[PDB]
Structures are given as structure tokens and as C-alpha cells.
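Comments concern the structure below.
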Amino acid sequence: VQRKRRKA
Amino acid sequence: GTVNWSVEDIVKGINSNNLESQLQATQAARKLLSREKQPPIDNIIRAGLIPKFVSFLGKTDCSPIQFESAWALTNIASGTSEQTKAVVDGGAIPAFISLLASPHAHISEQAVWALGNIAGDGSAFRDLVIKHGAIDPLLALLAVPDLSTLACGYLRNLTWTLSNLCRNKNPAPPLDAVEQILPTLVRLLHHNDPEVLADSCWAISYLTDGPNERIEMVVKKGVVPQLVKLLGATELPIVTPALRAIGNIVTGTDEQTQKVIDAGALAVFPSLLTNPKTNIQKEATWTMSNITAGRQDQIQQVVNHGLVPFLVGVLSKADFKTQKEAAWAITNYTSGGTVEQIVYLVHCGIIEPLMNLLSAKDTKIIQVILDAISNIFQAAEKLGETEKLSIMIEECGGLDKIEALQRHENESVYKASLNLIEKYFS
Amino acid sequence: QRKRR
């Protein structure tokens with residue numbers, strides 16, 4: 001998750 | 001309502017001349033892109049939807065479609081480098097920066113998140129986000145008397161995005177950007193939320209991962225005491241970046257390393273060198289190896305805190321990578337130490353486990369151990385106790401291992417082993 | 001000395 005985060 | 005639309009329906013709605021139909025189609029796209037199983041990122045891109053989402057970022061009179069498109073684009077940018085690049089190529093960066101000042105906090109937060117995903121793709125996009133001017137408005141969002149008046153999630157996203165603006169190398173972030181970010185970063189590093197502390201520590205670890213000038217930029221801000229405090233935290237997600245940051249700092253100059261020692265760091269290493277998480281033990285032993293590569297007074301402070309028995313323990317039993325770090329710490333100790341410190345090391349029982357590590361199939365550790373052994377023998381020569389050491393090494397089976405190193409497949413190994421058995425065991 | 005990963 002650290003680099004990119006998808007918003008769920 | 002907007003659950004489980006096809007890409008075709010989304011496209012039809014976004015291509016209508018109806019702002020509300022476009023809003024509902026954009027929400028449906030957002031929901032597709034927020035589903036847990038394999039969001040149809042590539043299908044949404046191939047439909048040509050990114051430009052329309054970017055234009056929706058600018059519709060101030062319809063804040064719902066601003067939010068929904070920001071979220072959709074956030075999740076597109078969460079994907080592969082190609083997908084983030086698709087978002088950037090649509091002009092998304094400046095639109096998100098303009099949304100940072102939105103009077104609607106959920107929308108600004110979404111723009112913060114999106115910019116964090118873009119910056120998190122790597123150095124080029126990070127620097128492009130910076131050039132478009134994201135730092136000023138991001139930090140303005142945090143310019144409050146007390147961070148506690150901001151929403152926990154808002155603050156966590158701001159901190160994570162800032163951490164991505166501090167992350168990545170080749171190249172590292174622009175020096176002026178780092179200097180602009182640091183005061184806010186230090187303020188977050190003193191906040192009470194575990195996720196804010198963890199991401200702040202990660203940011204600091206990124207900033208200290210480099211040449212001594214970057215380390216100095218960080219250490220000058222006085223964060224080392226706070227890093228040592230967090231180093232003694234109970235939350236592993238805080239200890240890990242705090243330890244990484246401390247390790248980075250002690251790769252710098254002896255003065256920077258001394259700042260870490262003076263802050264009390266060594267007192268935490270009894271726990272770190274026995275920490276049940278392998279990675280903590282490894283990183284702590286690496287940090288130790290860089291401290292034992294420092295001045296003799298610094299080695300002395302390692303001795304005073306009683307960490308040599310902990311290195312003997314790591315050398316005696318730990319994952320092999322930790323043992324390799326411990327071997328490095330011993331070789332550095334013996335290369336830089338006083339004769340009294342080296343004998344002290346022997347009296348702690350280093351010889352037997354070091355010899356036991358000579359039975360490894362890794363050539364680097366073998367060479368490191370032979371160098372340490374040689375340094376110890378040189379100390380004994382200065383004391384006249386070379387024979388006592390030779391005997392000690394022989395009783396634990398070390399002589400056999402050195403003899404086997406004679407027939408090793410490496411030249412430096414052969415030269416070291418032959419040199420030892422010729423200067424001492426002859 | 002100063003292994004820097």
C-alpha cells in the first residue's frame with residue numbers, strides 16, 4: 001500500500 | 001443506483017450534455033474503480049474517460065462531480081506506472097493542485113491522495129508534482145495552531161502524500177523542496193497518531209537515505225531525540241521506520257552518529273538486538289556495524305551500554321543475514337578499536353561463534369571473519385598473547401575451518417587462511 | 001565502515 005493507495 | 005454499471009453505460013452518461021447524468025456516470029465509474037477485485041482500470045482508460053474526469057475536476061458549481069472524478073482518478077493513479085502516466089497525461093496534476101484549496105475538505109483530501117499516488121510512481125512524477133507547485137498548498141493545509149483540530153484521516157493522507165514527496169532516489173527530491181517540507185514534517189513527527197508518526201518516520205528515513213548533506217539537513221532540524229523516542233515505541237510500524245532513519249543517520253559522519261548516541265539510542269539496542277522481528281534485529285545489527293565503524297570513544301559507548309554481549313548473541317544465533325551484519329560489526333570493531341576493547345570483545349566470547357560462522361558457504365562473511373580474526377591476532381601480538389588465542393581458536397574447532405579455507409574456491413580466502421595458519425598456527 | 005546498504 002505504501003507507494004500507491006487505492007481508495008476502497 | 002450506480003452499482004455495477006458497464007463501462008459502456010458510464011461512457012454514455014459521461015458523453016451526455018447533462019451535468020447530472022455525467023455526475024451519476026462518474027459516480028458509477030468511481031464505484032467500479034473502488035471494488036475490491038481487480039478494478040477495470042485498463043478498460044476505463046481505453047474508453048477515453050480520463051480527460052473528461054479531469055475536466056470534471058474544474059466544475060466548481062458541482063462539487064459532487066469534482067469529488068467523484070477525483071476519487072476515480074485517484075484509483076486510476078493507484079495502478080501501474082502506465083495507468084498513473086495516463087492520469088498525468090490528461091493534465092490531472094494541475095487540476096488536483098487547484099483542488100487542494102477547495103472549501104470542501106473531502107475534495108481537498110481526495111486531491112491530496114491523488115497527488116500522493118502520482119508522486120508515489122517515482123522520482124520523475126514526484127518532481128513534476130513539485131514543479132506544478134503542490135507543496136505550498138499542501139503545507140498550507142497543515143498551517144494550523146494544533147494538528148489535532150484536523151480530521152484523523154485528512155491528516156494521515158496529508159502525511160502519506162508528503163512522505164511520497166520525500167521518497168525515491170536517482171534523483172532524490174529537490175533540496176529546496178525538502179527544506180520547504182521539513183518544518184511541517186518535524187511537526188507531524190511530534191503528533192500523537194501512530195499512522196502519522198509512522199509515515200513521518202518513513203519520510204525522514206527517505207530523506208536520510210543518501211549523502212551526508214541530506215543527513216545534515218535532517219539532523220539540523222533536531223529530530224534525532226524524537227527518532228530515538230519513537231525507536232523505543234511499542235508499535236512495530238513506528239519502530240521500523242525510526243530504526244531505518246537512525247541507521248541512515250549513523251551511515252553519515254561521526255558527528256551525526258554522535259548526535260544519535262547522545263540522544264540515548266544505544267540504550268534501546270538491548271531490545272532491538274533481541275527483537276523477535278527478524279528485520280528489526282537485522283537493521284539494528286547493521287546500525288551497530290556502522291556505529292562500531294566510528295570513533296574509539298563511540299566503540300567505547302557501545303561497550304559501556306553492554307551491547308557487545310548482544311552482538312555475541314546475534315553472532316551465536318540469528319537469521320544468517322543478521323549474523324552477517326554482526327560479523328561486519330565485529331570486523332569494524334576490531335579494525336577501529338583499541339587493544340583493550342578488542343580483548344574485551346574476546347572476553348565476551350566472540351571467538352567460538354565467529355569460528356562457527358566460518359563454516360558458512362557465503363564468501364563475503366568468510367572474508368569478514370578472517371579480517372576480524374587477523375585484527376584480534378594483531379591485538380594479541382601487541383600483548384604477547386598470540387599463542388593463547390591460537391589455542392582458544394583451536395579448542396573450538398576453528399583451526400580445522402581455517403585449514404579448510406586453504407582449499408576454498410576464493411583467492412582472498414586462501415590468502416587470509418594461509419596467512420593466519422602461517423603467522424600463528426605453525 | 002559506512003556500509004550504506
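Letters for chains follow the order of the C-alpha cells (A, B, ...), residue numbers begin at 1 for each chain, and ligand numbers begin at 1 in the order shown.
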Contacts of residue 5 of chain C at 10 Å (only C-alpha atoms; same-chain gap of 6+ positions) as JSON, numbers by chain: {"B": [209, 247, 248, 251, 283, 286]}
- prompt: If we count only C-alpha atoms, which residues of chain B reach to within 9 Å of chain A? Please list them as number ranges by chain.
  reply: B: 31, 33-36, 71-72, 74-79, 113-114, 116-122, 160, 164
Just-selected residues, C-alpha atoms written as a PDB file, in the first residue's frame:
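Result file part10.pdb:
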ATOM      1  CA  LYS B  31     -17.611   2.617  -7.719  1.00  0.00           C
ATOM      2  CA  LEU B  33     -12.740   1.578  -9.658  1.00  0.00           C
ATOM      3  CA  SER B  34     -13.214   1.131  -5.891  1.00  0.00           C
ATOM      4  CA  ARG B  35     -14.353  -2.506  -5.981  1.00  0.00           C
ATOM      5  CA  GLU B  36     -12.061  -4.882  -4.137  1.00  0.00           C
ATOM      6  CA  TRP B  71     -11.740   9.600  -6.496  1.00  0.00           C
ATOM      7  CA  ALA B  72     -11.941   7.837  -9.862  1.00  0.00           C
ATOM      8  CA  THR B  74      -7.074   8.611  -7.567  1.00  0.00           C
ATOM      9  CA  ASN B  75      -7.791   4.951  -8.132  1.00  0.00           C
ATOM     10  CA  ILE B  76      -6.621   5.003 -11.737  1.00  0.00           C
ATOM     11  CA  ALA B  77      -3.380   6.587 -10.496  1.00  0.00           C
ATOM     12  CA  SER B  78      -3.157   3.884  -7.819  1.00  0.00           C
ATOM     13  CA  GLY B  79      -2.338   1.325 -10.505  1.00  0.00           C
ATOM     14  CA  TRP B 113      -4.441  11.428  -2.058  1.00  0.00           C
ATOM     15  CA  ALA B 114      -4.361  11.557  -5.861  1.00  0.00           C
ATOM     16  CA  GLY B 116       0.328  11.184  -3.414  1.00  0.00           C
ATOM     17  CA  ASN B 117      -0.301   8.321  -5.839  1.00  0.00           C
ATOM     18  CA  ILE B 118       1.175  10.333  -8.689  1.00  0.00           C
ATOM     19  CA  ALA B 119       4.249  11.277  -6.659  1.00  0.00           C
ATOM     20  CA  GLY B 120       4.491   7.681  -5.485  1.00  0.00           C
ATOM     21  CA  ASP B 121       5.039   6.459  -9.005  1.00  0.00           C
ATOM     22  CA  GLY B 122       8.691   7.534  -8.778  1.00  0.00           C
ATOM     23  CA  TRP B 160       1.389   9.953   3.443  1.00  0.00           C
ATOM     24  CA  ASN B 164       5.877  10.294  -1.090  1.00  0.00           C
TER      25      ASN B 164
END
query: Which neighbours of segment 165-171 of chain B fall inside 10 Å, counting only C-alpha atoms, when residues of the same chain fewer than 2 positions from it are skipped, and could you give them as a PyMOL selection string?
result: (chain A and resi 3) or (chain B and resi 115-116+118-127+129-130+134-135+159-163+173-174+177-178+181-182+185+200+202-210)
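All residues of protein, DNA or RNA that reach within 7 Å of residue 1 of chain C, judged by only C-alpha atoms and not counting those fewer than 2 positions away in the chain, are residues 290, 293 and 332 of chain B; 3 of chain C.
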task: Go ahead and compute the interatomic distance for atom CA of residue 192 of chain B and atom CA of residue 156 of chain B, in Å to one decimal.
output: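 Going from atom CA of residue 192 of chain B over to atom CA of residue 156 of chain B covers 11.4 Å.
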query: Counting only C-alpha atoms, what is within 12 Å of residue 190 of chain B, bar same-chain residues fewer than 5 positions away, as a ChimeraX atom specification?
result: /B:146-148,183-185,195-201,222-227,229-230
Mind dumping the selected residues with N, CA, C and O atoms as a PDB file, in the first residue's frame?
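again.pdb, written as the output of this step:
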ATOM      1  N   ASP B 146      -2.783  23.745  16.014  1.00  0.00           N
ATOM      2  CA  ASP B 146      -2.696  22.404  16.577  1.00  0.00           C
ATOM      3  C   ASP B 146      -3.227  21.426  15.550  1.00  0.00           C
ATOM      4  O   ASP B 146      -4.389  21.527  15.145  1.00  0.00           O
ATOM      5  N   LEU B 147      -2.378  20.482  15.147  1.00  0.00           N
ATOM      6  CA  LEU B 147      -2.786  19.459  14.198  1.00  0.00           C
ATOM      7  C   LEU B 147      -4.011  18.684  14.663  1.00  0.00           C
ATOM      8  O   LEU B 147      -4.733  18.125  13.831  1.00  0.00           O
ATOM      9  N   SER B 148      -4.268  18.638  15.968  1.00  0.00           N
ATOM     10  CA  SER B 148      -5.386  17.844  16.460  1.00  0.00           C
ATOM     11  C   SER B 148      -6.742  18.365  16.011  1.00  0.00           C
ATOM     12  O   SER B 148      -7.722  17.622  16.104  1.00  0.00           O
ATOM     13  N   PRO B 183       9.997  21.540   8.149  1.00  0.00           N
ATOM     14  CA  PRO B 183       9.377  22.024   9.401  1.00  0.00           C
ATOM     15  C   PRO B 183       8.013  21.406   9.656  1.00  0.00           C
ATOM     16  O   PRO B 183       7.703  20.990  10.787  1.00  0.00           O
ATOM     17  N   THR B 184       7.226  21.233   8.596  1.00  0.00           N
ATOM     18  CA  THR B 184       5.937  20.573   8.743  1.00  0.00           C
ATOM     19  C   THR B 184       6.147  19.109   9.089  1.00  0.00           C
ATOM     20  O   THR B 184       5.419  18.541   9.912  1.00  0.00           O
ATOM     21  N   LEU B 185       7.112  18.472   8.429  1.00  0.00           N
ATOM     22  CA  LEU B 185       7.377  17.066   8.692  1.00  0.00           C
ATOM     23  C   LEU B 185       7.770  16.842  10.149  1.00  0.00           C
ATOM     24  O   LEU B 185       7.330  15.872  10.770  1.00  0.00           O
ATOM     25  N   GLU B 195      -0.259   6.324  12.858  1.00  0.00           N
ATOM     26  CA  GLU B 195      -0.025   6.284  11.420  1.00  0.00           C
ATOM     27  C   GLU B 195       0.685   7.543  10.947  1.00  0.00           C
ATOM     28  O   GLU B 195       1.554   7.479  10.066  1.00  0.00           O
ATOM     29  N   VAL B 196       0.367   8.690  11.550  1.00  0.00           N
ATOM     30  CA  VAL B 196       1.088   9.907  11.200  1.00  0.00           C
ATOM     31  C   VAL B 196       2.546   9.775  11.601  1.00  0.00           C
ATOM     32  O   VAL B 196       3.446  10.140  10.839  1.00  0.00           O
ATOM     33  N   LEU B 197       2.806   9.230  12.792  1.00  0.00           N
ATOM     34  CA  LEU B 197       4.186   9.037  13.219  1.00  0.00           C
ATOM     35  C   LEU B 197       4.921   8.072  12.304  1.00  0.00           C
ATOM     36  O   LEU B 197       6.081   8.298  11.951  1.00  0.00           O
ATOM     37  N   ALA B 198       4.258   6.996  11.895  1.00  0.00           N
ATOM     38  CA  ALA B 198       4.928   6.008  11.062  1.00  0.00           C
ATOM     39  C   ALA B 198       5.287   6.603   9.710  1.00  0.00           C
ATOM     40  O   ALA B 198       6.396   6.399   9.208  1.00  0.00           O
ATOM     41  N   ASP B 199       4.349   7.324   9.090  1.00  0.00           N
ATOM     42  CA  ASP B 199       4.637   7.871   7.770  1.00  0.00           C
ATOM     43  C   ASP B 199       5.629   9.027   7.854  1.00  0.00           C
ATOM     44  O   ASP B 199       6.452   9.198   6.949  1.00  0.00           O
ATOM     45  N   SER B 200       5.578   9.824   8.925  1.00  0.00           N
ATOM     46  CA  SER B 200       6.604  10.835   9.150  1.00  0.00           C
ATOM     47  C   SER B 200       7.983  10.208   9.301  1.00  0.00           C
ATOM     48  O   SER B 200       8.960  10.692   8.719  1.00  0.00           O
ATOM     49  N   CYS B 201       8.087   9.136  10.093  1.00  0.00           N
ATOM     50  CA  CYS B 201       9.361   8.437  10.226  1.00  0.00           C
ATOM     51  C   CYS B 201       9.826   7.881   8.894  1.00  0.00           C
ATOM     52  O   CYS B 201      11.022   7.893   8.601  1.00  0.00           O
ATOM     53  N   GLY B 222      16.832  18.870  14.478  1.00  0.00           N
ATOM     54  CA  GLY B 222      16.671  18.421  15.846  1.00  0.00           C
ATOM     55  C   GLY B 222      15.733  17.253  16.034  1.00  0.00           C
ATOM     56  O   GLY B 222      15.211  17.066  17.135  1.00  0.00           O
ATOM     57  N   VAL B 223      15.505  16.455  14.988  1.00  0.00           N
ATOM     58  CA  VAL B 223      14.576  15.333  15.068  1.00  0.00           C
ATOM     59  C   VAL B 223      15.173  14.079  15.685  1.00  0.00           C
ATOM     60  O   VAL B 223      14.430  13.126  15.945  1.00  0.00           O
ATOM     61  N   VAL B 224      16.491  14.036  15.914  1.00  0.00           N
ATOM     62  CA  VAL B 224      17.119  12.799  16.389  1.00  0.00           C
ATOM     63  C   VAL B 224      16.579  12.362  17.746  1.00  0.00           C
ATOM     64  O   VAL B 224      16.303  11.163  17.921  1.00  0.00           O
ATOM     65  N   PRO B 225      16.448  13.235  18.745  1.00  0.00           N
ATOM     66  CA  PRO B 225      15.836  12.792  20.010  1.00  0.00           C
ATOM     67  C   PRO B 225      14.460  12.175  19.802  1.00  0.00           C
ATOM     68  O   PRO B 225      14.137  11.136  20.402  1.00  0.00           O
ATOM     69  N   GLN B 226      13.634  12.801  18.961  1.00  0.00           N
ATOM     70  CA  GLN B 226      12.305  12.264  18.699  1.00  0.00           C
ATOM     71  C   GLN B 226      12.393  10.913  17.998  1.00  0.00           C
ATOM     72  O   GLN B 226      11.595  10.006  18.275  1.00  0.00           O
ATOM     73  N   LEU B 227      13.340  10.766  17.071  1.00  0.00           N
ATOM     74  CA  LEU B 227      13.540   9.468  16.438  1.00  0.00           C
ATOM     75  C   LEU B 227      13.904   8.403  17.468  1.00  0.00           C
ATOM     76  O   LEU B 227      13.430   7.271  17.380  1.00  0.00           O
ATOM     77  N   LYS B 229      13.167   8.382  20.721  1.00  0.00           N
ATOM     78  CA  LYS B 229      11.930   8.113  21.447  1.00  0.00           C
ATOM     79  C   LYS B 229      11.040   7.158  20.657  1.00  0.00           C
ATOM     80  O   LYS B 229      10.545   6.165  21.202  1.00  0.00           O
ATOM     81  N   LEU B 230      10.838   7.426  19.362  1.00  0.00           N
ATOM     82  CA  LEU B 230       9.997   6.530  18.570  1.00  0.00           C
ATOM     83  C   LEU B 230      10.659   5.169  18.392  1.00  0.00           C
ATOM     84  O   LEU B 230       9.970   4.156  18.249  1.00  0.00           O
TER      85      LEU B 230
END
Test item: residues at most 12 Å from residue 382 of chain B, only C-alpha atoms, excluding those fewer than 5 positions along its chain, as a PDB file with C-alpha atoms, in the first residue's frame:
ATOM      1  CA  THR B 338      41.724  -0.135  20.960  1.00  0.00           C
ATOM      2  CA  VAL B 339      43.639  -3.190  22.123  1.00  0.00           C
ATOM      3  CA  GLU B 340      41.689  -3.110  25.391  1.00  0.00           C
ATOM      4  CA  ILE B 342      39.477  -5.900  21.291  1.00  0.00           C
ATOM      5  CA  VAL B 343      40.447  -8.078  24.245  1.00  0.00           C
ATOM      6  CA  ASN B 375      42.818  -7.900  13.768  1.00  0.00           C
ATOM      7  CA  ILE B 376      42.362  -9.831  17.010  1.00  0.00           C
ATOM      8  CA  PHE B 377      45.627 -11.688  16.473  1.00  0.00           C
TER       9      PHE B 377
END
message: Need to verify the contact set: segment 7-12 of chain B, 9 Å, only C-alpha atoms, exclusion of same-chain residues closer than 4 positions in sequence. Can you return it as a list in words?
response: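 Near segment 7-12 of chain B, the qualifying residues are residues 16, 22, 24, 25, 26, 27, 28, 29, 32, 40, 43, 44, 47, 48 and 49 of chain B.
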message: Between atom CA of residue 50 of chain B and atom CA of residue 153 of chain B, what distance in Å does the model show, to one decimal?
response: 26.2 Å
message: Just list as a count of residues only whatever in segment 83-307 of chain B DSSP marks as helix (DSSP H, G or I).
response: 165
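The nearest approach to chain C among the residues B:2, B:110, B:83, B:289, with only C-alpha atoms taken into account, belongs to B:289.
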